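Visitor: Once you've had a glance at the structure underneath, I'll fire off some questions.
None of the figures in this text is laboratory data; all of them are computed from the coordinates on show. Methodologically, a virtual Cβ is constructed for each residue, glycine included, from the backbone with ideal geometry; neighbour enumeration extends over all protein chains shown.
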Amino acid sequence: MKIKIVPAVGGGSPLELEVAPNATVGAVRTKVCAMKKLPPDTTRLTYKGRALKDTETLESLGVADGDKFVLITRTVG
């Protein structure tokens, strides 16, 4: 239904958004890696404290309201 995301960049804070029942943790991760233009060594997603990607669909097991995602990033200068 609605989900929350916590990107650890630019003064990171939680944000709500509505998503499709066919959404997938790996597809959320790869969109952010592509949008940040950074490899999976320096940008990663977590869900319920686990690393996840190969979920295929949440709705085939049981999709819900208020599920929460944390997106971690790295940089050097």
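Visitor: Once a ≥ b ≥ c are taken as the square roots of the eigenvalues of the Cα gyration tensor of the range 1-40, is the result rounded (a/c under 1.5), prolate (a/b larger than b/c) or oblate (a/b not larger than b/c)?
Guide: Judged from the Cα gyration tensor, the range 1-40 comes out oblate (a/c at least 1.5, b/c at or above a/b).
Visitor: Then there is this: For the range 5-44, state which trypsin sites (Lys or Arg not before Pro) are in a DSSP loop and have at most 12 other beta carbons lying within 10 Å of their beta carbon.
Guide: Loop-located and lightly packed - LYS37.
Visitor: Turning to a different aspect of this structure: Nearest 5 is fine: what % of DSSP beta bridges in the chain come out antiparallel, could you say?
Guide: DSSP beta bridges in the chain are roughly 65 percent antiparallel.
Visitor: Also, quick follow-up: Round to the nearest 10 and give me the degree value, 0 to 90, for the angle of helix 25-36's Cα axis relative to the longest principal axis of the chain.
Guide: Once rounded, one gets 30 degrees.
Visitor: Another question, then. Treating only the Cβ atoms of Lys and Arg (+1) and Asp and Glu (-1) as charged, compute the dipole magnitude of the chain about its Cα centre; round to the nearest 20 debye.
Guide: I would put it at about 380 debye.
Visitor: Given 5 Å bins starting at zero, what is the percent of C-alpha pairs of the chain in each, up to the one with the largest pair distance?
Guide: Computed distribution, short to long bins: 3, 14, 26, 28, 16, 9, 3, 1, 0.
Visitor: Which whole-number percentage describes the relative contact order of the chain, with Cα contacts under 8 Å and a sequence gap of 6 or more?
Guide: Computed value for the chain: 44 percent relative contact order.
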